[PDB]
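Throughout, read-outs are computed from the coordinates displayed, never taken from laboratory work. Reconstructed Cβ throughout: ideal geometry from the backbone, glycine too, with neighbour counts over all protein chains shown.
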Amino acid sequence: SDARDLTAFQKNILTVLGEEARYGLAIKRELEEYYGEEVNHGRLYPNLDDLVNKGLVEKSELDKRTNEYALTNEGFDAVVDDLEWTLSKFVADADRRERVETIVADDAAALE
Amino acid sequence: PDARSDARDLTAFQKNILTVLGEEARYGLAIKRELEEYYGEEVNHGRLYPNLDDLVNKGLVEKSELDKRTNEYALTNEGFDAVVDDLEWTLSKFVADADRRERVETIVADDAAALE
DNA sequence: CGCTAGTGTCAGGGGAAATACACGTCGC
DNA sequence: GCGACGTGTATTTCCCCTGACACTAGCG
Ligand SMILES: [Mn+2]
Ligand SMILES: [Mn+2]
Ligand SMILES: [Mn+2]
């Protein structure tokens with residue numbers, strides 16, 4: 001029972017940080033775009049500080065007023081593991097595998 | 001209907017129910033068991049069955065009669081799109097480098113070799 | 001006809017979200 | 001110094017889960 005009992009909201013913040021470390025309101029904006037609604041910072045911050053104290057996020061300082069949050073490798077392990085569990089249960093056919101890799105081929109083609 | 005309108009607001013519990021049925025359609029306690037092996041704890045059916053009743057009214061899970069004491073649950077088309085759409089988001093936030101990408105390429109290569 | 005499998009379900013307890021309230025700071 | 005930035009936080013709210021209590025239907 002490591003990354004299992006996380007909340008949907010929380011793991012979203014984990015996959016957010018997998019792309020690159022960000023500073024807070026930078027997370028609110030990207031979460032606002034996935035959900036499709038305003039995410040109130042009263043909800044964001046408190047959940048962040050629960051991951052830090054469980055060893056999945058590190059709340060390093062950037063300004064006198066800005067913080068930079070990033071994934072501890074223990075938190076990065078949480079991202080990869082339940083990504084394996086979904087790929088485990090998704091890739092159950094030839095054509096499903098051909099779909100996952102054509103997804104990842106496009107994802108890396110936009111990388112630049 | 002689009003699955004992102006609905007599937008993006010679901011519980012972690014509910015999203016795990018989805019990924020499970022994305023493997024194959026199963027009946028009630030088959031989900032319960034194969035969810036327990038993922039969590040590691042117990043999964044009270046008093047929580048399970050209602051969470052499936054939620055997914056069937058949003059049009060993502062189908063409920064049919066195998067016999068009149070056992071129903072078989074399965075993802076429908078909107079349900080299937082909800083599973084892949086959540087996969088397309090996770091991947092793009094994880095595929096950020098050749099290093100990250102390959103780790104995926106070998107994760108699926110292993111799971112595809114495990115189908116024999 | 002006992003006993004289990006298989007689901008229904010609801011009052012009760014629990015815990016995070018809304019929605020305000022608040023204060024330092026960079027910027028200009 | 002006056003504006004928005006960036007973050008803290010609480011308590012009231014609300015909703016989901018925990019924990020029974022229940023009922024049918026197969027299996028013998
Ligand atoms: Mn806000
Ligand atoms: Mn039970
Ligand atoms: Mn894509």
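Full extension of the segment from B:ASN77 to B:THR11, taken as 0.36 nm per residue of separation minus the current Cα-Cα distance, would add 21.8 nm. In this simple spin-label approximation, B:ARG26 and A:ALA105 carry label points 7 Å from Cα along the Cα→Cβ vector, and these lie 3.2 nm apart. Here is how the number arises for chain B: DSSP H runs of 4 or more residues each give -39500 (n - 2.57), the sum is divided by the residue count, and the result at 222 nm is -20500 deg cm²/dmol. When the pairs A:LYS54/B:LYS63; A:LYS28/B:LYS32; A:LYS89/B:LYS93 are compared against a 29 Å limit on Cα-Cα distance, A:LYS54/B:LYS63; A:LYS28/B:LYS32 fall above it. Note: relative contact order over chain A, using C-alpha pairs below 8 Å and six or more positions apart, is 25 percent.
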